[PDB]
Amino acid sequence: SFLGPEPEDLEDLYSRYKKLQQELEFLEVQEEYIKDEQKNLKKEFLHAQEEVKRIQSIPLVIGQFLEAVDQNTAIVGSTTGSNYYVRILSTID
Amino acid sequence: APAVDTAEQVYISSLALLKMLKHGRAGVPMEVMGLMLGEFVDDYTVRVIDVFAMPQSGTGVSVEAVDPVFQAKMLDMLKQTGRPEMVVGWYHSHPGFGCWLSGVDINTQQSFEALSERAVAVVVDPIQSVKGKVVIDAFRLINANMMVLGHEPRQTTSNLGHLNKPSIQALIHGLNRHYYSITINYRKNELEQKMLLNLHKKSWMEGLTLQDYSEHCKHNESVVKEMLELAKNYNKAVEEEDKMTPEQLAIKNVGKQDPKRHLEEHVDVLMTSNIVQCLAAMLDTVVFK
Amino acid sequence: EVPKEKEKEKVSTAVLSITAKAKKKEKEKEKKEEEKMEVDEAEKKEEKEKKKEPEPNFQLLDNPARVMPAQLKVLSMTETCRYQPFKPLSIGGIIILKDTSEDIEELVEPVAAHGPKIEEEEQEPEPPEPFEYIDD
Amino acid sequence: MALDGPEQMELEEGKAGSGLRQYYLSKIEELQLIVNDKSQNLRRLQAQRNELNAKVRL
Amino acid sequence: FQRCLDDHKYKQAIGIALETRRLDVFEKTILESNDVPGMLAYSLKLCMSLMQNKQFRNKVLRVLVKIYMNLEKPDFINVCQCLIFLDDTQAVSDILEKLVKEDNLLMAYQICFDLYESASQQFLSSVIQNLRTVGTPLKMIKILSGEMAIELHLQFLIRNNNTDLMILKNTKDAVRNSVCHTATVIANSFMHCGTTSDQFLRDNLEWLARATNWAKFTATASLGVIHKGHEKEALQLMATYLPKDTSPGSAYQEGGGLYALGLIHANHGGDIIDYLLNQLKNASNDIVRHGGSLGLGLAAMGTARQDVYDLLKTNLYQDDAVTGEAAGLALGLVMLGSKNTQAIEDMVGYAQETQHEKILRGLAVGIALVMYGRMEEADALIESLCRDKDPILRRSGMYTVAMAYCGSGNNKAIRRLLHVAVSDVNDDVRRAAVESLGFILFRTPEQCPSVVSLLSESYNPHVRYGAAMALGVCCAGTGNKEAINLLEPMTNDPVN
């Protein structure tokens, strides 16, 4: 037996849930596209790769690798009898 | 001042971008230039309808580079087809400097500048530009004296920036002073794009075409043998090989001639070839027989 | 705040260190018989700048409307305090039941303008005041 | 109400109306399941993407 | 529903009634709910949030206005929501006609002052003629036009005003003003909105002359917002710059003086509309005409007239570069909030015809205003624009969906913008798409930082600029915690 105000409170639980579900439906559409966004980012990537490729081509000097102190920078000795501490392009293995 | 002076976006047609690049590439390492033929619309749109090149020389990108014989001759052709165009400006390649103007470029830039305040010097990607994704920028060159008067800021306004450094801070100083990487957009429509997308008509036959079965069967056999070798190296590795730094990995998980990588390359190539070769032959057989 | 004023105050503070320092050093405590050294009388200089205070208060979220739990009265065509953006509900509250504006329904007055009756009650004087007058 | 406690009537008594609330809550319970897995799946793609972005920007 | 009726809760009733989608049920099957503020308002938002189907929503909102209209006290809140959302004359006309019977003159004014802020500016002009027939308790006209109304808000704005000129002075005095000139004028124009700060402009007359290019146009243009609804000073300031009184300086200054004039008097257009109309005919050329074209369309809102549409449409055909941009925006403003096939056609077709860049941008925003509260009907238009050959046309579609869908947040609208963005590497379409999302989602503004973050990560810094915008609009009245932190690394980044 009910005739109190309690069905108002019970309604609220449902009412909040329905709007929250709707926000998620916006996110459903976004989940499909984000898989597509990766594919476009890979396209941008490949065009962006052409930019590293220009430094990778001539003019180039040949050196000899002394040893790797770390990934991002290393110790090298160029073919001049001068040694330089220089950077590694995209952390070569 | 009631002066215009501002940054000019270049609207490049599809024939004009591909052609300029071609010239620039052909030209390496000698600096080569050529004129931009076009129409001017709007109040900062300079449109390059077409381009032609001035001959490849060790004396180019100088006032000496522009020849009256080639320019006239080229203009005369256009008339019979019935295309009226004005000299909107000039393009060039420097393949011994970046996508910035160089000292030799300055004399030519000045003459065109005086003639049309709406003639720019465009540096077109060759293969030397370190920051080269085929970024083309158009600049005008002023001097220091002009800047302090306040001629310099006008030029810089109304463009979206972007930082480059293909030749250290000296380039950057000139780059800011000029316009500072002016935005280039391209005029295209869907019909022109589609012609550029497909390699050839022949993909139709070729996509179907298979070698000899014997050779397919050989491929499968070659990879398997290769993979079998790598296997031993995978076995020790699996205990970690999620670790950062290749130097550290070299001892621990056999990071010297990495088995994960070798195995993944072998599996990808083998996979796509075997399926496509099976599919093609089998599909053709049902239609023909 | 503008820097111009700030420069003036920095120089005025400095004068003080210079004057105390002057007399104190001059006194010879190293050429009289007693030596307690004159190098220990080495003072330094000071200046004064100021900049606006940052202090986040009444923040439920970074830049809500900054909800007060406490209410105040604001007059028509004025913020005696300063009102905050987008509160449709907190403006109106309960209309005051002694003012010359009252009405048939309560809290029908968001910051989108409303004009209540004077049929219900008249007490306090009505002030009309557009900028009409100033314009023409 | 509950998912328990039988009682007579339903015509307008209102115990049924409250009882339906407990079933209304079952509907959100059906829905909570779809939503958590959608957040986890979006997250899966984001991890991969964040990793791709880092290379290009760099 | 009978157990629910027996409990006598209106709040429970709207929720169940909603599920059933039956109108008699929403009011209570035998009318027993008579609370006019509170629960009643809640339903209107509920119907919008869950449902994406207009037809049923328009019926519910309308039925709820009529059942209350019978009651002695109607509410002014309930008619204002229908009025924007439906773009129906009826909702406001129904409540004001019952009001005649009452002879609460006072009540009618209260609704009208409310109507002006809340409702579409263009829409109010059509409403006036029909209200006169049903009858009023005429006196209504001044407030509905917006002339009286604007003047009362001006006393509010001016007295409280506090914000100094001093920041602008230092930079202008120190070094030459050209680029710096732009910087000063937008900050100056925005800060002193609705207050007397004519003081700065008038003595520092020299300030505007030193400028060049577009900055020059922008400088004179900036004044109007500062002198919004001052009919006093507005004419005088603009005169110098106009050929009305000496020393016009240049075309840019004249064009900007007309734009400023159009801004000041807009939304109560009286004597000014006729002068700018004559000027429109007369000049019909570039830099001067831009501002005049723009102002003319603004002046027309809140009094209406067909004549302004035709003249902007001929001006656009002629292929003047500068003015074309203004023309496009102004066509969208005049026709607004009813839908007009001619407006949509002219702006869409003209884009394809011109290769001139200024004209294009202007149209692209323009098609969007006129579609306001169409909802689903806008879908067909955005898709076409996106399908089109030119990359610029693809940007114009994004506008169309942005304006139309507001007042809802639906699944349908979002999906196509995103579509454009992934398919194309292209810098403009990605940045464009992200902004429009934030508008659709601000009817549940919490969703927006999640979606905008994903897109900002991308290789193009272009998308990031749009990301910033998307957040801004969404949160613009009141925001979230999350929106501010997202924006914050971009402020530090040194990409400009």
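Going from the start of the chain as shown, residues are counted 1 onward.
Structure determined by electron microscopy, 12.3 Å.
Each Cβ is built from the backbone N, Cα and C atoms, and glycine gets one as well.
Across the range of the compositional bias 'Basic and acidic residues' (C:25-35), the DSSP-based residue counts are 2 helix, 0 strand, 9 coil. Residues annotated as compositional bias 'Basic and acidic residues' in Swiss-Prot: C:25-35 (among others).
Panel annotation: around the compositional bias 'Basic and acidic residues' (C:42-55), residues 1, 6, 9-14, 16-18, 20-21, 24 of the same chain, lying at least six beyond its termini, place a Cβ under 8 Å from a Cβ of the stretch. What Swiss-Prot records for C:42-55 (among others) is compositional bias 'Basic and acidic residues'.
Positions annotated as compositional bias 'Acidic residues' by Swiss-Prot: C:119-136.
Per Swiss-Prot, phosphothreonine is recorded for C:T13, and the stated evidence type is similarity to another entry. For C:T13 (phosphothreonine), the same-chain residues lying six or more positions away in sequence with a CB closer than 8 A to its CB are C:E46, C:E47, C:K48.
Proximity of C:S17 (phosphoserine) to non-local residues of its own chain (separation of 6 or more, Cβ distance below 8 Å) is seen for C:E43, C:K44, C:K45, C:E46, given in sequence order. Marked as phosphoserine by Swiss-Prot: C:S17.
Per Swiss-Prot, region 'Disordered' is recorded for C:22-64 (among others).
Under the heading region 'Disordered', Swiss-Prot lists C:113-136 (among others). Sequence-distant contacts of the region 'Disordered' (C:113-136) (same chain, six or more residues past either end, CB-CB distance under 8 Å): 77, 95, 98-104.
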Inset, instruction - Please indicate, using numbers and ranges, the residues of the same chain that are 6 or more beyond the compositional bias 'Basic and acidic residues' (C:25-35) and have a C-beta under 8 Å from a C-beta there. - result: 41
Inset, instruction - By DSSP assignment, list the helix, strand and coil residue numbers for the region 'Disordered' (C:22-64), in that order. - result: 5 helix, 0 strand, 38 coil
Legend entry - Helix, strand or coil at C:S17 (phosphoserine) [DSSP, three-state]: helix
Legend entry - Tally of residues which DSSP labels helix, strand or coil - the region 'Disordered' (C:113-136): 4 helix, 0 strand, 20 coil
